[PDB]
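A short worksheet on the structure shown next.
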Amino acid sequence: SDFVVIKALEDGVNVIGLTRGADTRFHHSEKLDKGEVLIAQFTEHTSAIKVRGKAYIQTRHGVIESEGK
Amino acid sequence: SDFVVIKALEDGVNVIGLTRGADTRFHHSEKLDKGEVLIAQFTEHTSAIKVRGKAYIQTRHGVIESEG
Amino acid sequence: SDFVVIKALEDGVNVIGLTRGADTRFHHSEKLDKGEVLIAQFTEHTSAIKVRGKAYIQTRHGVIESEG
Amino acid sequence: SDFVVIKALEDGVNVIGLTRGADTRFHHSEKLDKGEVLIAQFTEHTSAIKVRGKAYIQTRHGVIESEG
Amino acid sequence: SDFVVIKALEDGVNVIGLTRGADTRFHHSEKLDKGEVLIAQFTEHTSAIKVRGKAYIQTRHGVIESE
Amino acid sequence: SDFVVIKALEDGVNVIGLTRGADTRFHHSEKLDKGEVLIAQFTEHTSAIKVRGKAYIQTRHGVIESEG
Amino acid sequence: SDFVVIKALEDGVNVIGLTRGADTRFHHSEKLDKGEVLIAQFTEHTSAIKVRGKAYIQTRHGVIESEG
Amino acid sequence: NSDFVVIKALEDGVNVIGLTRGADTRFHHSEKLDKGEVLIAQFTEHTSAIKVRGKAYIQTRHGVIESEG
Amino acid sequence: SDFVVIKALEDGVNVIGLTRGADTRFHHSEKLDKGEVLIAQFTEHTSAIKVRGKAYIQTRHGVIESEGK
Amino acid sequence: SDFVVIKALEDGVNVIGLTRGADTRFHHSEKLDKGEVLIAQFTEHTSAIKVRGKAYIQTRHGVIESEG
Amino acid sequence: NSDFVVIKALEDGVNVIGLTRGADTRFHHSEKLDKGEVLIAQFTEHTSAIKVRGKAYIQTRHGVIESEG
Ligand SMILES: N[C@@H](Cc1c[nH]c2ccccc12)C(=O)O
Ligand SMILES: N[C@@H](Cc1c[nH]c2ccccc12)C(=O)O
Ligand SMILES: N[C@@H](Cc1c[nH]c2ccccc12)C(=O)O
Ligand SMILES: N[C@@H](Cc1c[nH]c2ccccc12)C(=O)O
Ligand SMILES: N[C@@H](Cc1c[nH]c2ccccc12)C(=O)O
Ligand SMILES: N[C@@H](Cc1c[nH]c2ccccc12)C(=O)O
Ligand SMILES: N[C@@H](Cc1c[nH]c2ccccc12)C(=O)O
Ligand SMILES: N[C@@H](Cc1c[nH]c2ccccc12)C(=O)O
Ligand SMILES: N[C@@H](Cc1c[nH]c2ccccc12)C(=O)O
Ligand SMILES: N[C@@H](Cc1c[nH]c2ccccc12)C(=O)O
Ligand SMILES: N[C@@H](Cc1c[nH]c2ccccc12)C(=O)O
């Protein structure tokens, strides 16, 4: 199963897993501070992942960068 | 199972799931504000995804950009 | 399964799913306005997809363009 | 399962499904007008496809063009 | 399952399917006129394909031409 | 299953299927006239294939030619 | 099944395994001294791994570096 | 779905020999090729090693090799 | 299943297997002296591997070096 | 399932199959004379293969030469 | 269908040591190689780690490495 790499570029970044199934809502928000890396899979319980905050992201499709409000 | 990366390029972008099955209708619309990134799989419930508003999109077939 | 990306280059583009099975007919027509993007799988219900209107399309086989 | 992309380069192009099985006959013919694209899988019911009329075709093996 | 692309370069091209199984015979011959393309899989009933007539052929192993 | 492409460069080329199993013998010979192409799989019944006569052969491991 | 390589660039790097399942919390923390390497899989019990502290990280998607 | 070897005889009397799969190893078949004939032969439920004797041009997934008589 | 290659660059390198499952602990420490090579899989019993000591390491993601103590 | 190509570069090259299983010993030695080629799989009975004598060897990891 | 390693002895008395798969880890076999011999050895039901002692040229799917005596 695929995974995404997320490196926080400032404090307070949130990687949010959205529930798998007919229902779509946030089940968990993992908070990352500046410099930390989260490597997160898609799973039975998480079928979409949202990133809020400034972060450097790698997936199988390449690099992308989230920008904070 | 594949996924698509969506980065919002302005406020109020909508990433819309369409139901898998005999029936095709919306089911969920995830609102992304500017700079937010959503990475979303195809799933038992979602077999098509629409993007509305200005966003940078990556799939296994390359980059594409939606326009609001 | 494989999926196709379709970006509407003008208003009222139709992405039409043809039923899987012994019978072949349209079960669903998804209208895209200019600039919208539809990322759509082949599925248990859909074994062929037809695009009507000006659009930019990506498949595993590369780029192709439908014209109005 | 594999698919073929067909872009009609003139009106009245026919994309014809041939039946899977001991029997071989045409079970469906999809008519494409100029600039329409059809992306069509091999399936339980369709194990060979025939294109008649001027079209641009992509498959896993590359590009080929049918002529009217 | 893999497929072959055949483009007829002249009228009257035959794409012939050969039976899978202990015995080998032709069970279908599809006629292609000039410019028509057939894309044909190997299947439960067809384990070999013969092309007669002038055509441009593509497979996973690249291009070949019948005459 | 893998397949082999054989193009006959002279009349009378033989493409010979050898039986799968503890016994090895020829079960079929398909005769090809100059310029005919045969695309033939390995199968439940055919675990080796022999070619006699002048032909251009393609397999997954590249081109080889047989000579009469 | 995928794995990540973590090389500690200073003492006390913390590799944190998050529980697979409807609930998310950490179930194990493996500390690495400077120059030590951990090569760790995604598993039935771990579906996300967080790195705290200065580390050089390799995954299938390339190199990334955590900073303390 | 198994791998296969291509053997082109470069002289008469080339032998492609199949060795039995299983606890017993022996030759179970020897296919004679004359000059310029080609044999494309799979590994099988009965054949888990293949010996070539005589001068032949051989292709496997590992590339070209040549046997010498 | 994946494996890692470890070549000891000094005496006394440890290649340590961590238990698969809900419990995580070391279950084995393989000592390598200089110049010895260990090629070790992930397994039903080992889902993470730690190297301590100076070693040259190859994985499917490429070369990494552990630095000694 | 993998295979090794062995080309004898002198007479009496010995290709030795080691038993799969909890015990390890040789169960077959196949001698090759100069210029003969053996293409041998790993199998239910052979999980390690030893070559003695001068031989040119291909495996999926490249070429290697034994020295006799 | 497992991975395999290629070991070529560069001196006499090289040892290719198979380690037991499973909860317990011990040497179950040491195959001794003399100079110039090549062993091609799979990972298996019984062997989940392989140790090489002595001077040898090694190939695996991650590249070449050399053990030293
Ligand atoms: N318990 C969660 C852990 C997780 C994996 N990937 C995530 C992405 C975002 C948030 C949480 C997660 C799960 O198995 O799904
Ligand atoms: N619960 C939804 C989550 C989701 C995944 N991909 C999406 C794309 C668009 C909207 C929602 C989704 C599902 O599993 O299908
Ligand atoms: N409910 C439809 C959704 C769909 C997927 N791909 C499409 C292409 C065209 C039209 C509809 C669709 C299905 O599961 O098949
Ligand atoms: N109902 C048809 C739809 C179809 C798929 N590919 C085609 C090619 C040609 C004609 C029809 C089709 C089927 O599932 O087979
Ligand atoms: N009914 C035939 C159709 C077919 C597929 N490929 C072919 C090649 C030649 C002739 C017929 C065919 C089958 O499923 O086998
Ligand atoms: N009926 C034969 C047809 C065949 C397939 N490949 C061949 C190669 C050579 C000769 C015959 C064949 C079979 O299924 O095996
Ligand atoms: N009847 C033999 C035919 C064969 C396949 N590959 C071979 C290689 C050599 C000799 C014979 C063969 C088998 O199925 O195994
Ligand atoms: N008996 C251990 C052997 C082993 C494999 N890889 C390892 C890595 C480190 C330590 C021990 C091992 C197991 O099967 O898991
Ligand atoms: N017992 C843990 C070991 C582990 C694997 N990968 C990890 C990553 C982080 C922390 C622990 C681990 C497991 O099998 O899941
Ligand atoms: N009967 C043996 C034949 C064999 C295959 N590969 C070998 C390598 C060496 C010696 C014998 C063999 C087997 O099936 O295992
Ligand atoms: N009987 C051993 C043979 C073996 C394979 N690879 C090895 C590596 C080292 C020592 C012995 C072996 C086994 O099946 O596991």
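Chain A is the first sequence line, chain B the second, and so forth, proteins listed ahead of strands; every chain is numbered from 1. The figures that follow rest on heavy atoms only: side chains count, while hydrogens, waters and symmetry mates do not. Indexing begins at 1, ligand by ligand and atom by atom, following the structure's order.
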Quick one: ligand 4 N/O to protein N/O pairs below 3.5 Å?
unit_1	atom_1	unit_2	atom_2	d
ligand 4	1 (N)	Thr19(C)	O	2.8
ligand 4	1 (N)	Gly21(C)	O	2.7
ligand 4	1 (N)	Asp23(C)	O	3.0
ligand 4	1 (N)	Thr24(C)	OG1	2.8
ligand 4	6 (N)	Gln41(D)	O	2.9
ligand 4	14 (O)	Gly21(C)	N	3.1
ligand 4	14 (O)	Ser47(C)	OG	3.0
ligand 4	15 (O)	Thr43(D)	OG1	2.6
ligand 4	15 (O)	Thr46(D)	OG1	2.7

Under 3.5 Å, side-chain donor or acceptor atoms of residues 57-65 of chain H against the rest of the protein: list the pairs with distances, not counting sequence neighbours.
unit_1	atom_1	unit_2	atom_2	d
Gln59(H)	NE2	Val63(F)	O	3.0
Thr60(H)	OG1	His62(H)	N	2.9
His62(H)	NE2	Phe3(J)	O	3.1

#### Entry: Set of side-chain hydrogen bond (donor to acceptor under 3.5 Å, both in side chains) partners for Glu36(D), sequence neighbours left out
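By the side-chain hydrogen bond (donor to acceptor under 3.5 Å, both in side chains) rule, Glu36(D) matches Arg52(C).
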### Query
Does anything in residues 15-53 of chain J pair up under ring pair (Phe, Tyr, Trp, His ring centres under 6.0 Å), and if so which pairs, sequence neighbours excluded?
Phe42(J)-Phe4(K)
### Query
Strictly by modelled atom types, are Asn1(K) and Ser1(J) linked by a side-chain donor-acceptor pair under 3.5 Å?
no
### Query
Should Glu30(E) and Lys50(D) count as an ion pair when the cut-off is N to O under 4.0 Å?
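Salt bridge between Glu30(E) and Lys50(D), a charged N being under 4.0 Å from a carboxylate O: yes.
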### Query
Does CD in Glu10(D) sit with more than 12 non-hydrogen atoms of other residues, nucleotides or ligands closer than 6.0 Å?
yes
